[PDB]
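S.K.: What follows is a structure written as structure tokens; I'll ask about it next.
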Amino acid sequence: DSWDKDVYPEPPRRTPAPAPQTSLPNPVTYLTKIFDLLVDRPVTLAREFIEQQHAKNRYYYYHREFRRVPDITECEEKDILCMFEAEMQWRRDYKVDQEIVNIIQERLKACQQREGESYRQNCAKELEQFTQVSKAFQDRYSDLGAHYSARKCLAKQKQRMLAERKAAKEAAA
Amino acid sequence: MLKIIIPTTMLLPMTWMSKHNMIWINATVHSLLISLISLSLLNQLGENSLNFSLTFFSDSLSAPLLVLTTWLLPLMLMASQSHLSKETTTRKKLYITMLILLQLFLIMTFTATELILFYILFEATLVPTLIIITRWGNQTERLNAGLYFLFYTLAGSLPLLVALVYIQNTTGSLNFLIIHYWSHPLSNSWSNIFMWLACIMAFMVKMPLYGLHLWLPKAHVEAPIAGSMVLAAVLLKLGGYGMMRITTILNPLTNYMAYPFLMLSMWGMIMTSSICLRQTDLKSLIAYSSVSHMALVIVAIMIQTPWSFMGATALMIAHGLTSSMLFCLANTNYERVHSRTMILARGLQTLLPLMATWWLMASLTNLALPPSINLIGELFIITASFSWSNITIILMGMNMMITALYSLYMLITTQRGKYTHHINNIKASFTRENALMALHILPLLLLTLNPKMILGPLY
Amino acid sequence: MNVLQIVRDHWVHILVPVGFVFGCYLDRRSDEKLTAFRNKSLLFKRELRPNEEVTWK
Amino acid sequence: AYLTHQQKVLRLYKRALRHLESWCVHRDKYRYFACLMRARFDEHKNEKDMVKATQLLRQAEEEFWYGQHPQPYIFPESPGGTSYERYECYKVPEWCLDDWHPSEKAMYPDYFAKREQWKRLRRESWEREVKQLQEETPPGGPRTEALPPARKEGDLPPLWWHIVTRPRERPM
Amino acid sequence: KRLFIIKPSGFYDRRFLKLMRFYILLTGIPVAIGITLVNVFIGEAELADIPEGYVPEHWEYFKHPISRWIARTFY
Amino acid sequence: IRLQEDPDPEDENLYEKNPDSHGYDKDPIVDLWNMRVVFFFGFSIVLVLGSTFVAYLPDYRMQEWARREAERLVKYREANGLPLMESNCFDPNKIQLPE
Amino acid sequence: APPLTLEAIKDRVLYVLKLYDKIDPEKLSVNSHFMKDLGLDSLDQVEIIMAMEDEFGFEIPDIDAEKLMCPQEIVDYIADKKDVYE
Amino acid sequence: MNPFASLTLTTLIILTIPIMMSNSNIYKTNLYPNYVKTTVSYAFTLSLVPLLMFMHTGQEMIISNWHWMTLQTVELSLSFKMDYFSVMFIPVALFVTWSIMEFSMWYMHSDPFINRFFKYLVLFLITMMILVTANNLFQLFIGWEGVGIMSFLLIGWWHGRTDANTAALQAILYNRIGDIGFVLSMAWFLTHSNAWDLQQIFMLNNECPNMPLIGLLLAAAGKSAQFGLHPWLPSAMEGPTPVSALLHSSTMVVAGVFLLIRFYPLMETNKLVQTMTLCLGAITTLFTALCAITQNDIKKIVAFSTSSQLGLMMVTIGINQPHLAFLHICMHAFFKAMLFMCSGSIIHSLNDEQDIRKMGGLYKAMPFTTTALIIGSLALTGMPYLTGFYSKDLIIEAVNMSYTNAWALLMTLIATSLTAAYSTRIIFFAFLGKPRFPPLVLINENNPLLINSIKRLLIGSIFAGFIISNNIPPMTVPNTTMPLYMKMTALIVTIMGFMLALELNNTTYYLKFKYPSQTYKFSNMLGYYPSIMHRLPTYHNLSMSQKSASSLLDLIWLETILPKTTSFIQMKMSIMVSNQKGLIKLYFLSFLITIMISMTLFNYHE
Amino acid sequence: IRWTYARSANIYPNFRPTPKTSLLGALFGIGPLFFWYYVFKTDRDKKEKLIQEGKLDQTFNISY
Ligand SMILES: CCCCCCCCCCCCCCCCCC(=O)O[C@@H](COC(=O)CCCCCCCCCCCCCCC)COP(=O)(O)OC[C@H](O)CO
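Residue numbers (full-length UniProt numbering), protein chains in the order written: chain W, 126 to 298; chain E, 1 to 459; chain P, 50 to 106; chain S, 50 to 221; chain Z, 52 to 126; chain A, 53 to 151; chain U, 71 to 156; chain R, 1 to 606; chain B, 66 to 129.
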């Protein structure tokens, strides 16, 4: 197709062998056969003519990379230039992590429909995967406000190990 | 900008020196053309706001408003050109001068980069509007209405001016960028409390908020149609644009202080829509309808969550195009019957068949069916408000239930009924009216396909 | 075809698009004033093209 | 105006009979109970005292009001009826035709020409109706809601335009 | 026994409806043809790796050719 | 009399003079040009051509790029056996917590 | 269905009155005023219009009903109400 | 990925073609209704195909397509979900809407806007189709509001009828109260589960959705016209007969019950809310049926009979029987739609007479229409091996063999017996008796369109109960071993209901004088519901709007506190500071004080 | 026309401040506003105190 199974795991199909014991013909074979010979075949014929027409004049496009830049943890206070470079990179990291959750949601939705009735247990691995994504995404970006910024993200982050330091020190006793 | 501001300014000498009768033609030509040019700014980059010069910049919030204002400019021209065709050439030229000037301030305000520059032009919009409502108004209460509109806006704006210059002396520059990247924690203190109140009240009055809203039923109803749109379709959102920008610094004091405003808007929006349930003037019906929608924007801003800001801009743009439409609708009847009472002209679908259809989609857009942009805005706020508090869905939905009754109420009272016997001057709708109405609703339904353009700066 | 009349009533039409040209011109008259850090952001810092004078105008 | 007693009792008979229609249903039951209703009305017909007549009415109106069918049968072409103003939404006033485009005006030359004759006839007779009114106004303004007819020849009845040219009850 | 049908004049409304069908489609079909013609003759681009020396100047980082053309000029 | 003013003259039936009247002004010829300009410079080029421009704009607020940046990050992270996205936002090793 | 026409109404009009046993068949002039010659009680005409009310499927309001007193009148009012114009 | 994906999706695209074709006016204005009907017929026959692979392969589809917006971490986009409930509902809905569209030609053969009316019907069908075929909750809301507004126009189709707008206003009013819970579930399913697609919601396993399901239930009550929100269905009879026969019989009011069917897997986890569903269905069944029997208009009787049916369906949903409800959906869809244009045929023939009193003598006067009525009435009862049996008494047997809410079980048994009760009233007064209509009889059902429309649906009531039950895969828990006595109570209560209702109806034949029972009064004016409901809170809310709200608070108080008081304050001393008497002595004396107070008294020196 | 005047303009000039109007202004006005303030503030205090301790869990709630 146009992707890889490692990003969208679709377990290999399991199709049965249709062997109708009853002598009366199966109609569903007939409407499928006429559909191929009346609709599907002209569609394929037009598509291949379209594909070769595209192949004659091939113009290419590439993908834009953004080289890693210093983030806001090493950004000097009131350094407006490093403020901008850090803020833009963090928001770009925000967009990709939003898409990371987007991918996991698609896999989970595929987990439901593909299993149908057996959605509960067949791909609970999808459920725990989304559990790890959503929980970590909660402490990573959630509750940052409509004016979220890399300074705010550190502020929320700093609250975690500060609370964690108190807990573990209490735990060590 | 310079690429939109300069053509806008250059329309001013063009209309003044235009031909005697070609004023309406040429002004409509290029105002549509300038709107086409402003479609270029609908694109926004990844996260950094589109910056052109030091004084002018755009983001994924200003540009959706910029196109709305410049697209509006042709609409006021055709709507007003009905009655304005019966006065002196200079008087008509003076009007087109004033709409062009009024639009000019709106374009420059929305792309202002310095908060002081924002405030100067934000308040400067009063002068073109104030003269519109007063000089060319068609009633007697306009004289009191103009004073109410001017004084309410100014009484709130003046504390902002004192507050704004205070930020300049203390923090430094007030550029919308340097403010964002140098946000400092506004700690809870009585001086900060009034700092918060001053920077907020100015934009609240122009929303308007429940209680600081009595200027709207006077200003909007008495204003001429070329004005009756802008006081409801763009410059109410101008107060909205002020809120979403000024709240960059007002954290975290906003959540502690937002409670009086939330309760006033969240409870008052039920009362305001209750006024619409029993009204006598069609213009007042839509006017109070605007208050309910803007009140929903008022609460939306203050949670300061990604979903709320999106639904804020979505409703903000959609309501403006909607509320502008209904004012065109009330204008058509008000010209034919020369009165604003609802029950006077009951029965229009019998006589005007397509006018009912335009009224149907107009009242439907206010009804906010899915996937209309009104619904895509209100629904987003409901989810954001519900996450803030579960109880608010009782109030949020109650308006959604209440807004159905009145939004279809003028549909029943005016269109769906026996035609009034005594009235005999109803004429087949001019192709200007129908063309204008299509210019309102066609972009709205077309916008439904791609809400990303108008979804705000957080998509 | 009585060109005087055309330039009497339609000389006003050209007045706007030249303003738009002026608007574009001033935008490209101003942007180079904001040059400062041109190809200086380390994200977009890249070795200049060989037979090309400079990066983004 | 003042509804006299003999009219009001007739209104009771008409309405009460229509109410037992919703009760009796079957025709033979109707004709029986109607005759008892009819004669029970006629048995008390020599009351020289008009006060006693209202005293007889003092229990009849409450008798109707509690014996009334909660879903009385009313013909659809009437208030409460299922077909009340059902075809009203096509009653386009005739004066709207004056706004038709000439292409549509020329589509029906005969009817439009006759419409002109009626319009010319209405124009001529309007002032004739006008002076007819003040020629026979009652001293002190119009006393009754009624409307006097055309007394002389060649005069249309006063205030005839809307009544005569009203849309048909079945316009479609 | 057929008779007249007094109805509101819809000719001007018919004019308005017909005109959009003539005006909104005057540039409607040519762009609709242009959108389809572009997608089938010049076609849609395909993903390719970054060349050794060629940086993708501005408009290159886009799939659709007409979308690339808008990126070429304008922005 | 009190005041000497002409009363409300009338509401001029714009359809009466030209039966095909357009509702823009009195003079027919310029009024005929008035739809020819509002329709042409309206629906045609700012509604149809306007829609195609905005609807087919170069991708706004890059998402399919961000959608692109997802697969190689997750593919790299899941293949070598590392949690696909860390709980901490910014690197915590260089954080110097107070005391 | 063809519209209810004037000749159709009147033929249906004296259809009901002659079907009334209180009226002799012979004395049935189309303009025979109910009180004058037939001499039926003032309650009776109120009960005959109900049969006419059911006959044509309509309503005769009491305001007009009490004045309606001729077979010509009954066909007149019904014809005028249901736009009968031959 | 068979043709089952593409071919089932194009069914909607075939349906929406007439809507686009209408504005171009290429259609011949004479034969537009024929254009609509054969278009739906083509879609119907095209919609048969999704069935054949459903029984054969047992496969279901989820068709997602063009992305709407990548809003944060949710992917709101157009998407369709073919499944057991979907792939068969469209063939039933298309078959029903095809039959009525054929019938609508004969009935509405005089409405001047007939092209507009058929345009509205197709638009409703499109909105209903996307309602039954929706993957995200937002898309479900598109239909959930599309059918509601489409009902509003179609109910007020006759336009000028003053009370029709009230019912049209009533229909949207009760719907909006239903949508209260819909938007509540929307917000909850987006906040606590970060989605609106049904796939994610089920995977996330929100095992305790107390408030969502409560909001989910409230959505059904407004749309399915349950108790507390029923009366808009009886008032919807003010619309034309085909209008209610399509929308308010088997294709629009079904939305409410259908919503729970979509969220059935999440239904079983909760126990409190599901009891409320069977509780709400129980009261809805009786009260609608209790008001059904004592009504004297044919349209009202069928309306209350419908609302009694949907009350029964939610009773099934209560005790973990969602799919059996969908079986009840299809079986109820066939015959109930039939009964409406059987009533429509007699109503039009009897010069628009709908009052059940001015009827009678139609069994031999209208043979086919009477024949269809008996078939439809018997389906309401559930005669064995007929369409009614394959759903209804299976539920009654199912509800008996369950841990029900005692008092909830009894009401349905009283209700199902009550179903026969008003059924006799329809057959008794309208057909079995002596004629009572106006003298000029215009009875005629010989029109081919009327015969063909009823004939097509009538064979669907003799059959298709056995056909569907056998064809659908066996996937419900079978109640095999019950004690005999309650196994056939459904036949007992109907026969018992048949016997006494006939005797009481025939009691009217007895010349005995009638006494108005106060219990009969309570039933006849719809449980006193409309006059308290539709008069008291409407007055109170509107009263609060005028004396308060608009007046008092606004226009008096809010204008006299901030704006006018400041004007008065600025004014009271304005009269003062501008009334200097002009005497030089007073001016210079004020100078003395101003000099004196400033120099030393204010300590301005230091 | 008189009715529109009576409902729109001839109200405040004919308004007379009395304890009945004054009390109704407070009861129908500031009253419910504080009522909703108390209800919402208590819920926010309830919610805020609960997730601080760790009572409510939003392991899957991310968008807000
Ligand atoms: C028409 C009535 C008002 C309508 C509503 C307006 C908005 C409500 C708030 C009103 C006050 C607005 C003025 C705010 C000025 C700038 C606020 C600001 O930035 O905060 C300062 C705080 O502002 C103030 O102190 C002044 C504002 C508080 C209110 C007192 C003056 C305004 C009220 C009276 C005049 C207006 C009322 C109308 C009178 C006719 C911080 O400075 P500081 O106090 O910390 O100074 C440093 C140090 O601590 C000591 O100075």
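From the three backbone atoms N, C-alpha and C, an ideal C-beta is built for every residue, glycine too.
Indicate whether E/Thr-322 and E/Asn-374 have their beta-carbon atoms separated by less than 9 Å.
M.R.: Yes, these two residues count as a Cβ contact at 9 Å.
S.K.: Does the beta carbon of R/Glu-559 come closer than 9 Å to any beta carbon on chain D?
M.R.: In the structure shown, chain D cannot be found, because the protein chains are W, E, P, S, Z, A, U, R and B.
S.K.: By the criterion of Cβ-Cβ separation under 7 Å, what are the contact partners of W/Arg-192 in chain P?
M.R.: Per Cβ cutoff of 7 Å: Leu-92.
S.K.: Could you list which residues in chain Z have their beta carbon closer than 9 Å to that of S/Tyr-157, in chain order?
M.R.: Within chain Z, the residues near S/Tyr-157 are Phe-55.
S.K.: Would you mind telling me which residues of chain E sit closer than 9 Å to S/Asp-148, beta carbon to beta carbon, in chain order?
M.R.: Ordered by position in chain E, the residues that pass the 9 Å Cβ test against S/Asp-148 are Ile-426, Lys-427 and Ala-428.
S.K.: Taking beta-carbon pairs under 8 Å, can you tell me which members of the region 347 to 364 of chain R lie near chain U?
M.R.: Taking 8 Å as the Cβ-Cβ cut-off against chain U, the residues of the region 347 to 364 of chain R that qualify are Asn-351 and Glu-353.
S.K.: Got a sec, what are the start and stop residues for the beta strand (DSSP E) P/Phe-93 sits in?
M.R.: Looking at the DSSP string, P/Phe-93 is not in any beta strand (DSSP E), and its letter there is neither H nor E.
S.K.: Cβ-heavy atom distance between residue 607 of chain R and ligand 1 below 8 Å?
M.R.: For chain R, the structure presents residues 1 to 606; residue 607 of chain R sits outside this window and is missing.
S.K.: Who are the neighbours of Z/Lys-58 on chain S, taking C-beta pairs under 7 Å?
M.R.: In chain order: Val-141.
S.K.: Tell me which residues of the region 298 to 313 of chain E have at least one Cβ-Cβ distance to chain W shorter than 7 Å, keeping chain order.
M.R.: The residues in question are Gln-304, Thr-305, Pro-306, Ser-308 and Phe-309.
S.K.: Is the distance from the Cβ of R/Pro-240 to the Cβ of R/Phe-117 below 9 Å?
M.R.: Yes; because the gap between Cβ atoms is below 9 Å, this pair is in contact.
S.K.: Report the residue from E/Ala-202, E/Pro-74 and E/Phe-149 whose alpha carbon sits nearest the alpha carbon of E/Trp-215.
M.R.: The shortest C-alpha separation from E/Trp-215 is found at E/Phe-149.
S.K.: Say yes only if the C-beta of R/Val-577 is nearer than 8 Å to one or more non-hydrogen atoms of ligand 1, and no if none qualify.
M.R.: The answer is no for R/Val-577.
S.K.: Would you check if the distance between the CB atom of E/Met-302 and the CB atom of B/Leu-98 is smaller than 9 Å?
M.R.: Cβ distance not < 9 Å, so E/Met-302 and B/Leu-98 don't count as in contact.
S.K.: From the DSSP output, read off the bridge partner residues of E/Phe-57.
M.R.: Beta-bridge pairing links E/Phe-57 to E/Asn-51.
S.K.: Using a Cβ-Cβ cutoff of less than 8 Å, which residues in the same chain neighbour R/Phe-138 once the five nearest sequence positions on both sides are dropped?
M.R.: Only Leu-76, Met-186 and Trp-196 meet the Cβ criterion.
S.K.: According to DSSP, is R/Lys-487 part of a helix, a strand, or is it coil?
M.R.: R/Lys-487 falls in the coil class under three-state DSSP.
S.K.: Roughly how many angstroms separate the alpha carbons of A/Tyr-108 and A/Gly-102, rounded to a whole number?
M.R.: Cα to Cα, the separation comes out at about 10 Å.
S.K.: Compute the Euclidean distance between the alpha carbons of Z/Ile-121 and A/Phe-95, then round it to the nearest angstrom.
M.R.: Their Cα atoms are separated by approximately 21 Å.
S.K.: Shortest alpha-carbon distance to R/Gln-295 belongs to which of R/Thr-424, R/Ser-417 and R/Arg-176?
M.R.: Considering only alpha carbons, the answer is R/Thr-424.
S.K.: In the DSSP assignment, find the unbroken beta strand (DSSP E) run with R/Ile-63 in it and report its ends.
M.R.: 62 to 67 is the extent of the beta strand (DSSP E) around R/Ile-63.
S.K.: Can you look up E/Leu-411 in the DSSP assignment and give me helix, strand or coil?
M.R.: E/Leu-411: helix per DSSP, three-state reduction.
S.K.: Consider the C-beta atom of B/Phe-100 and the heavy atoms of ligand 1; say whether any pair is separated by less than 8 Å.
M.R.: No.
S.K.: Rounded to whole angstroms, what is the Cα-Cα separation between R/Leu-173 and R/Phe-152?
M.R.: Going from the Cα of R/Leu-173 to the Cα of R/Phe-152 covers about 10 Å.
S.K.: Determine the closest residue to R/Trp-407 out of R/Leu-286, R/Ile-492 and R/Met-496, with distance taken between C-alpha atoms.
M.R.: Nearest C-alpha to R/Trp-407: R/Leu-286.
S.K.: So the candidates are A/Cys-141, A/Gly-75 and A/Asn-145; which of them puts its Cα closest to the Cα of W/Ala-280?
M.R.: Minimum Cα distance to W/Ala-280 is reached at A/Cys-141.
S.K.: How many angstroms separate the CA atom of B/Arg-67 from the CA atom of E/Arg-416?
M.R.: So the alpha carbons of these two residues sit roughly 25 Å apart.
S.K.: At what residues does the alpha helix (DSSP H) containing U/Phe-126 begin and finish?
M.R.: Looking at the DSSP string, the run of the alpha helix (DSSP H) that includes U/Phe-126 is 114 to 126.
S.K.: Which residues in chain E sit within 7 Å of S/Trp-144, going by Cβ to Cβ distance?
M.R.: What S/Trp-144 touches in chain E: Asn-424.
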